[PDB]
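J.: If you scroll down you'll find the structure; I have some questions about it.
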Amino acid sequence: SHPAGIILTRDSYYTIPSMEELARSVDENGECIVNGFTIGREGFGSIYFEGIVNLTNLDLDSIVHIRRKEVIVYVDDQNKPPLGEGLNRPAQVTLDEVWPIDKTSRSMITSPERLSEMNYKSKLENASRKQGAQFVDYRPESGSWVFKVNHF
Amino acid sequence: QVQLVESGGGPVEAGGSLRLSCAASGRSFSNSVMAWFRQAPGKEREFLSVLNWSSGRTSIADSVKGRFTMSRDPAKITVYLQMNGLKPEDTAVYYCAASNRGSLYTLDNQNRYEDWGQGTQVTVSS
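What follows is the structure in structure tokens.
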């Protein structure tokens, strides 16, 4: 049990501030409030929430899922809180190791030169637009698709 | 100062069902944890169920797992205890409890919750 009530126990998930720092960050009112919050997962991506975020008793294990080429923040709509509460708020999503498949061998294409030839970045940009997100970047070296949302 | 108001108790035939309600008010509960407990005469308070407000996830004590479930109406900031297959030993005062704080206690511990309802009597008549 984490002194701030945060529930985050799955392998490779981490927070900024770290879960250890957050355990030392409970205030006089028993709350853990940060300015700028990241939840990440090594090998998959991360999500950055600007501004003041109340983390106390946040069930991150249930709420946040950072997968290959996709994040899920609130698995259903019934338990998604009102706009501005919890993590239903503006965020920058980064999904790492996102690379296309080479139709010849069904092998991943990681060469930046090849990724440019085929304008993969514009596939991800089209996808963002269709999802109602704002495309920010595709960094081919790390396969990092970055986009911003106003809420989840 | 937070107010927790239980309702829905009272007499019920054995084998029947009851739904308890608890309306919470006074502050935002967006980062809360809420629980149901009960206390029979001459016994310590018993943990029944907890709900995490941020996700809506719940956990039920083994003593009542398969018979009791916990849910909420987020809009009404109300939680519910659905009790089925009621038995005479379910007779008790049922309490809703809440925390808007972190804690060193586990969620099944009454000390986890700074706020408590007045309690509502449930009486299962054979």
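Those protein sequence lines, which keep their order, are chains B and A. Take 715 as the starting number for the first sequence in the deposited numbering and just add one per residue. Take 3 as the starting number for the second sequence in the deposited numbering and just add one per residue. Backbone N, C-alpha and C define an ideal beta-carbon position, used for all residues, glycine too.
Mind listing which residues of the stretch 756 to 772 of chain B have their C-beta closer than 7 Å to chain A's C-betas, in chain order?
T.: Answer set for the stretch 756 to 772 of chain B: 768, 770, 771, 772.
J.: How far does the alpha helix (DSSP H) with residue 837 of chain B in it extend, from its first residue to its last?
T.: By 1-based counting over the first sequence, the position of residue 837 of chain B is 123. Residue 837 of chain B -> alpha helix (DSSP H) spans 834 to 844.
J.: May I ask you to report which of helix, strand or coil DSSP gives residue 43 of chain A?
T.: Here residue 43 of chain A refers to the residue found at position 41 when the second sequence is read from its first residue. In this structure, residue 43 of chain A counts as coil in the three-state DSSP scheme.
J.: Answer yes if the stretch 843 to 863 of chain B comes into contact with the stretch 43 to 56 of chain A, meaning at least three C-beta pairs across the two stretches below 8 Å, and no otherwise.
T.: With the cut-off at 8 Å, the stretch 43 to 56 of chain A and the stretch 843 to 863 of chain B do not touch.
J.: Strictly under 8 Å for the Cβ-Cβ distance: is residue 106 of chain A near chain B by that measure?
T.: The residue given as residue 106 of chain A occupies position 104 in the second sequence. Yes, residue 106 of chain A lies at the interface with chain B (some Cβ there is under 8 Å from its Cβ).
J.: Going by DSSP, what residue range makes up the alpha helix (DSSP H) through residue 737 of chain B?
T.: Locating residue 737 of chain B in the first sequence gives position 23, where the first residue counts as 1. Here the alpha helix (DSSP H) through residue 737 of chain B covers 733 to 737.
J.: In the DSSP assignment, the beta strand (DSSP E) including residue 786 of chain B goes from what residue to what residue?
T.: Within the first sequence, residue 786 of chain B is the residue found at index 72, counting from 1. Counting along the chain, the beta strand (DSSP E) containing residue 786 of chain B begins and ends at 784 to 787.
J.: Is the distance from the Cβ of residue 125 of chain A to the Cβ of residue 93 of chain A below 8 Å?
T.: Counted from its first residue, the second sequence places residue 125 of chain A at position 123. Counted from its first residue, the second sequence places residue 93 of chain A at position 91. Yes, these two residues count as a Cβ contact at 8 Å.
J.: Cβ closer than 8 Å: which chain B residues qualify as neighbours of residue 90 of chain A?
T.: Here residue 90 of chain A refers to the residue found at position 88 of the second sequence. Ordered by position in chain B, no residue passes the 8 Å Cβ test against residue 90 of chain A, which lies about 35 Å from the chain.
J.: For residue 724 of chain B and residue 105 of chain A, I'd like the C-alpha separation in whole angstroms.
T.: Position 10 of the first sequence, counting from 1, holds the residue named residue 724 of chain B. Position 103 of the second sequence, counting from 1, holds the residue named residue 105 of chain A. Cα to Cα, residue 724 of chain B sits roughly 21 Å from residue 105 of chain A.
J.: Taking contact to mean 3 or more Cβ pairs, one atom from each stretch, closer than 8 Å, check whether the stretch 824 to 839 of chain B and the stretch 82 to 99 of chain A are in contact.
T.: Contact between the stretch 824 to 839 of chain B and the stretch 82 to 99 of chain A is absent, because fewer than three Cβ pairs lie under 8 Å.
J.: Do residue 773 of chain B and residue 54 of chain A have their CB atoms nearer than 8 Å?
T.: Counted from its first residue, the first sequence places residue 773 of chain B at position 59. Counted from its first residue, the second sequence places residue 54 of chain A at position 52. Result yes, Cβ atoms of residue 773 of chain B and residue 54 of chain A sit closer than 8 Å.
J.: For chain B, check one thing: does any of its Cβ atoms lie closer than 8 Å to the Cβ of residue 61 of chain A?
T.: Indexing the second sequence from 1 puts residue 61 of chain A at position 59. Not closer than 8 Å to any Cβ of chain B, the Cβ of residue 61 of chain A fails to qualify, so no.
J.: Along the chain, which unbroken stretches of the beta strand (DSSP E) at least 3 residues long are found entirely within the stretch 52 to 117 of chain A?
T.: Runs of the beta strand (DSSP E) inside the stretch 52 to 117 of chain A: 60 to 62, 70 to 75, 80 to 85, 94 to 101.
J.: Use the C-beta contact count for residue 822 of chain B: other C-beta atoms within 10 angstroms, 16 or more gives buried, fewer gives exposed.
T.: Sequence index remark: in the first sequence, residue 822 of chain B carries index 108 (1-based). Residue 822 of chain B is exposed by the Cβ-count criterion.
J.: Can you have a look at residue 56 of chain A and say buried or exposed, based on whether 16 or more other CB atoms are within 10 angstroms of its CB?
T.: Walking along the second sequence from the start, residue 56 of chain A turns up at place 54. Counting Cβ neighbours within 10 Å, residue 56 of chain A comes out buried, since at least 16 surround it.
J.: Is the CB-CB distance between residue 808 of chain B and residue 732 of chain B below 8 Å?
T.: Sequence index remark: in the first sequence, residue 808 of chain B carries index 94 (1-based). Sequence index remark: in the first sequence, residue 732 of chain B carries index 18 (1-based). It is not a contact, given that the beta carbons lie outside the stated cut-off.
J.: Since residue 81 of chain A meets chain B, which of its residues come closer than 9 Å, beta carbon to beta carbon?
T.: Counting from one through the second sequence, the residue named residue 81 of chain A turns up at place 79. Going along chain B, no residue has its Cβ under 9 Å from residue 81 of chain A, so there is no contact; the nearest lies around 13 Å.
J.: Is residue 801 of chain B helix, strand or coil when you go by DSSP?
T.: Looking up residue 801 of chain B in the first sequence gives position 87. Of the three classes helix, strand and coil, the one that applies to residue 801 of chain B here is coil, per DSSP.
J.: Less than 8 Å between the beta carbons of residue 66 of chain A and residue 50 of chain A, yes or no?
T.: Locating residue 66 of chain A in the second sequence gives position 64, counting from the first residue. Locating residue 50 of chain A in the second sequence gives position 48, counting from the first residue. In contact: residue 66 of chain A and residue 50 of chain A (Cβ atoms closer than 8 Å).
J.: Can you grab the Cα-Cα spacing for the pair residue 755 of chain B / residue 782 of chain B, in whole Å?
T.: Position 41 of the first sequence, counting from 1, holds the residue named residue 755 of chain B. Position 68 of the first sequence, counting from 1, holds the residue named residue 782 of chain B. Approximately 10 Å, taken between the alpha carbons.
J.: Touch check for the stretch 78 to 94 of chain A and the stretch 112 to 126 of chain A: three-plus C-beta pairs under 8 Å?
T.: Touching, per the Cβ criterion.
J.: Taking Cβ positions only, does residue 35 of chain A come closer than 8 Å to chain B?
T.: Walking along the second sequence from the start, residue 35 of chain A turns up at place 33. Chain B contact via Cβ: present.
J.: Assuming residue 805 of chain B and residue 763 of chain B make a contact with CB atoms under 8 Å, what is their CB distance in whole Å?
T.: Counted from its first residue, the first sequence places residue 805 of chain B at position 91. Counted from its first residue, the first sequence places residue 763 of chain B at position 49. Yes, residue 805 of chain B and residue 763 of chain B are in contact; Cβ-Cβ is about 5 Å, under 8 Å.
J.: Determine, using beta carbons only, whether residue 748 of chain B and residue 767 of chain B come nearer to each other than 8 Å.
T.: The residue labelled residue 748 of chain B in the question sits at position 34 within the first sequence. The residue labelled residue 767 of chain B in the question sits at position 53 within the first sequence. Against a cut-off of 8 Å, the Cβ pair of residue 767 of chain B and residue 748 of chain B comes out as a contact.
J.: Could you check whether residue 4 of chain A and residue 25 of chain A sit closer than 8 Å to each other, using their CB atoms as the reference points?
T.: The residue you call residue 25 of chain A lines up with position 23 of the second sequence. The residue you call residue 4 of chain A lines up with position 2 of the second sequence. No, the pair does not count as a contact, with Cβ atoms beyond the cut-off.
J.: Can you give me, in chain order, the residues of the stretch 741 to 757 of chain B that have a beta carbon less than 8 Å from any beta carbon in chain A?
T.: Under the 8 Å Cβ criterion, the stretch 741 to 757 of chain B contributes 743, 744, 745, 746.
J.: Between the Cα of residue 771 of chain B and those of A:111, A:19, A:33, A:11, spot the shortest distance and give me the residue it belongs to.
T.: Here residue 771 of chain B corresponds to residue number 57 of the first sequence, with the count starting at 1. Measuring from the Cα of residue 771 of chain B, the nearest candidate turns out to be A:33.
J.: In its own chain, which residues sit with a C-beta less than 8 Å from the C-beta of residue 21 of chain A, not counting the 5 before and 5 after it?
T.: If you number the second sequence from 1, residue 21 of chain A lands on position 19. The answer, listed in chain order, is 10, 82, 83, 84, 85.
J.: Among B:750, B:800, B:860, which has the Cα closest to the Cα of residue 840 of chain B?
T.: As a working mapping, residue 840 of chain B is identified with position 126 in the first sequence. It is B:860.
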